[PDB]
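Following this are structure 1 and structure 2, which are two forms of one protein chain, each written alone as structure tokens.
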Structure 1
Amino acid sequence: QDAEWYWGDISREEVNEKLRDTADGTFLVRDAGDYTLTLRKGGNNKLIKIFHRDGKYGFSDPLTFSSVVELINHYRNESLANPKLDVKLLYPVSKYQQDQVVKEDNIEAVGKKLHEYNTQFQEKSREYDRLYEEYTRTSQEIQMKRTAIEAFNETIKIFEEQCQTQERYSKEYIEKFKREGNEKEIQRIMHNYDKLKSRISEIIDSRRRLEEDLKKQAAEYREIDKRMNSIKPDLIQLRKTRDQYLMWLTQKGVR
């Protein structure tokens, strides 16, 4: 009656995680009397029910099978081709493979290791949540500095247009004041151009300093992204191990 492909009372959430990113042919049986098969076909978890009536099993009437084990072994060798789906039962997910995660035999040693994995998972989750906050604020600050660089470009363009404007007017009047003999006025137009040119140098230096900070923050963002992509596989594996130790204490207990 019991088999590696038969899992028993399993929720729909766990069924989807076993068949996640699997080839066509993977399947599992679970209690709904009746039992529900879940075969993979075109990246979808197709649910095929097995009816029971007077000691007979099958997907649809007529019921030409004596037991559930006979129905599974028949379609494992022969292809389905009842519905018009050209696929067959090939890769059965096993229960004994999950048991190798929890290597301890006594109940006390399982609980001792669970306390260690749960403490490690809390520390790794706290590290991942703080690194995600660093990743988010760095991304926002880079976007803020990128917008500021664009604003500095338009700011410089206006002050450069002001220099070009002064150059256009000054060339007509410089001859007028020189021929008149007003050197005091000529020095004022020249001083105002030097004042405007000095401010242009200060705005260009401000943009150059923020370009260096943006380059530095982009390198920091790349290192935070590298650390985020390295901690995720370790965090999900450490969480899956913890879940197996919790399921071991549930099955080895009063129910």
Structure 2
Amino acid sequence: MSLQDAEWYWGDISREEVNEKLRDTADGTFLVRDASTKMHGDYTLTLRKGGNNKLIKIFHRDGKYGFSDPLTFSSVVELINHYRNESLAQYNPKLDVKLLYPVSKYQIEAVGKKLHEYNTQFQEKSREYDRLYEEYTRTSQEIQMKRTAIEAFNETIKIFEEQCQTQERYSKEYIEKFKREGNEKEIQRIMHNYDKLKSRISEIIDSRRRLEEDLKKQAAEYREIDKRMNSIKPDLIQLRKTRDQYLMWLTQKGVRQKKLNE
């Protein structure tokens, strides 16, 4: 019945920490804090509505509480119970929502031992992910530079293929003139040079292929590194959530231990 026992009153936790307790939650989820001013008697109700976290000041004036100048509640508990059963539109028609969902506040050497294990697990899986992320970006750098190098090959090959078509054009009428003059030597000179051109171009397309194959295999490793990072990200938040409540649980009876545990 007392405020100190209510599930939805959290004492002097921070504004930043109710932001984390209300993110992506439903309309009507609510907590009550001690005001950020941490002055006696004042509290702040925070409820979610429209994807935002609304801050309602709970005023205190001579042993009674309320949101406005008609303070008509002897306790903060009955103030919250009234609007747990009536819509806040009764106070502000814009806030057509009632306090639907209270955020409840619960859900020695051996816990120090278990905190140490989960922390060890968390830390080395944090190094697991920090390693893939540098390999993910190191692989990303090498890919986009291999991609531009392939577009460089494309441009050189385009420039050389037009060199073949200008050779086959401006040479046709001269080859045809040479052959009926019986000048095989002048024709061989044109073919000697044409064949050298045709040999270098094929050397370049082979170098393009070898890079296309080197890229396609590296772009697959890139996707696979993304796969297993996405598999670690959720397990990593889980491991973090347990150590946080273990460290808080141990803070209630063993501050001296955490001071030396890690």
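Rigid core: the largest C-alpha set superposing within 1.5 Å between the two forms. Just so we're on the same page, residue numbers count up from 1 along structure 1's sequence.
Peer 1: Given a cut-off of 2 Å on Cα movement between the two structures, rigid core as reference, pick the single residue from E123, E160, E134, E185 that exceeds or meets it.
Peer 2: Just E185.
Peer 1: After a rigid core superposition, would you say the CA of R76 moves by 2 angstroms or more between the two structures, or not?
Peer 2: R76: C-alpha displaced by less than 2 Å between the two structures.
Peer 1: Would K112 count as moving between the two structures, using a Cα shift of 2 angstroms or more after superposing the core as the test?
Peer 2: No; that C-alpha moves by less than 2 Å between the two structures.
Peer 1: After superposition on the rigid core, what is the displacement of the C-alpha atom of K176 between the two structures, in Å?
Peer 2: Core-aligned C-alpha shift comes out at 3.4 Å.
Peer 1: Could the core-superposed CA displacement of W7 between the two structures be given in angstrom, to one decimal?
Peer 2: Reported C-alpha shift between the two structures: 0.9 Å at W7.
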